[PDB]
């Protein structure tokens, strides 16, 4: 009620690094709010335009056994990996689609308690490891906040482990707006899922412990009104009343390779928009 529109125009794509090296890897991440719903809403149209080397999808709500045939319309992303809840129902779920086959693909974070909801794919490449995640929501009434804190700890320890061996890129819907600048209405959301002190602190703990850098915020430290999620309700997207919940977090060693971290604000198909990373590896 107190918010009107706040303008945000994502800056032009910077496709060369600070050292002059052209980007060699383009990764797009997108919480699609259901694979089938997204396809119906022409989500694949942005994918074809974006032409990433790797596409990471969250909330597919679909298992590897029941994928829509349309996913074959991505010939440039022929290596496709999917994780879904082990109860085999239609919720959560992540996907990773890649131009080249990774050296190894794994699922989950090595902890049975946290591996039953189809939330994580790990794809190891030559010079880096890519993780995509759909982090557990703290829930209406914060009924899942206690679980979320357990998840956060287990996830951080798992990622720290990976990073000790190879440079890490983590992407996906991390279900937290880190700082006040990361959502339109900080004051009124401090007791809501995605902006609790607990969740924000978990994010800070992740950055410190692994350690990892927030690619977007690294490049645009003072830029407000840059969001990746808007509730379907109340004309939130038209007014840009949103939250930045979707990130690319990078090992510090990858910062010299960082060209840009984009927010594709105008791409429709979900209640989240895509984010896109350019790296010169």
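Numbering follows the first chain given and starts at 1.
Student: Taking the other compared entries of this protein, do a third or more of them lack coordinates for residue 132?
Tutor: Other entries vs residue 132: none skip it.
Student: Do at least a third of the other entries of this protein fail to model residue 93?
Tutor: no, residue 93 modelled in all other entries.
Student: I need to verify one thing: averaged over C-alpha atoms only, is the B-factor higher for 174 to 182 or for 106 to 114?
Tutor: On average, C-alpha B-factors are higher across 106 to 114.
Student: Determine, for stretches 231 to 239 and 39 to 47, which one has the higher mean CA B-factor as deposited.
Tutor: Per the deposited B-factors, the answer is 39 to 47.
Student: By the entry's C-alpha temperature factors, tell me which of 261, 19, 270, 265 sits highest.
Tutor: Across 261, 19, 270, 265, the entry lists the biggest C-alpha B-factor for 19.
Student: Would you check the entry's CA temperature factor for residue 132 and let me know if it's in the chain's lowest, middle or highest third?
Tutor: Residue 132: CA B-factor falls in the lowest third of its chain.
Student: How does residue 277 rank on Cα B-factor within its chain, lowest, middle or highest third?
Tutor: Lowest third of the chain for residue 277's C-alpha B-factor.
Student: For the chain shown, is the CA B-factor of residue 162 in the lowest, middle or highest third of its modelled residues?
Tutor: As the PDB entry reports it, the C-alpha B-factor of residue 162 lands in the highest third of its chain.
Student: Lowest, middle or highest third: where is residue 63 by C-alpha B factor in its chain?
Tutor: Tercile = highest for this residue's CA B-factor.
Student: Against its chain's modelled residues, does residue 218's Cα B factor rank lowest, middle or highest third?
Tutor: Its C-alpha B-factor, which the entry lists for residue 218, ranks in the middle third among residues of this chain.
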